[PDB]
């Protein structure tokens, strides 16, 4: 199976006067490339996929593909949808426009059954020939891809090579890798990056890496080399920022942090997402002071 693993960043999408700041987007991706990141994920949840138009979503995939040409950094395009026909269309766009693979979140709101999730992902995987990473985040979608469904899709669909778990369930991550040790388990939960890697996970899709890509990259590569003392040390040091980046709904804190670090021009969201509270703004600012934030 072809895989995309290592340290990866769920890219934020900067806005300027209600439109996608495309130069800031490319500049942010190049900052990720230059700090050891192995792959970037345009237009995930952290990239506000819900409020981008289908055309802006496509533009951001293209910018990511264009920016990473001539580097070893891969593009794992955000292509999830709660409608299978739309998810197939995004997957086909990502394939035809040079993405190295796709991340495909479990359908949200409409709560498909396990059989529906299987058929949903089978239709996506059969539509392209690039690697497909499942994405389970039940707190966001209202549905869970069971371990059995993940393993079945991995074994039945040639290009489905793993899952990005954001479920706070280390038991499930043992379950997954004990029964199917060839799949690529990816951490979608920064605070527990090291435990997931230490059990045989092969990478991270990180929110914190937007702010501290060098630290998340070092953590992941230490862990992949079984240097668990150095990987755990970074994971422990990052715990405070990893948690405060979810004091409000992601990506509200991370965009606040990027703005406070001067890495983005304006602190702009698209409704229903909004600027954080004044208290949380100050709490994000205070935790940042304990970390060294790389510039451009």
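Positions refer to the first chain, counted from 1.
Comparing the deposited coordinates for 5-13 and 272-280, the stretch with the larger average C-alpha B-factor is 272-280. Mean CA B-factor, 259-267 versus 35-43: the higher value falls on 259-267. As recorded in the PDB entry, 129 shows the highest C-alpha B-factor of the residues 165, 225, 175, 129. Out of 159, 187, 110, 198, it is 159 whose C-alpha atom has the highest B-factor in the PDB entry. Placement of the Cα temperature factor of residue 52 within the chain: highest third of the modelled residues, per the deposited record. The deposited CA B-factor of residue 234 belongs to the lowest third of values across its chain. Residue 211: CA B factor in the highest third of modelled residues in this chain (values from the PDB entry).
Sort the modelled residues of the chain by CA B factor and residue 94 lands in the middle third. Looking at the C-alpha B-factors along this chain, the one for residue 79 belongs to the highest third.
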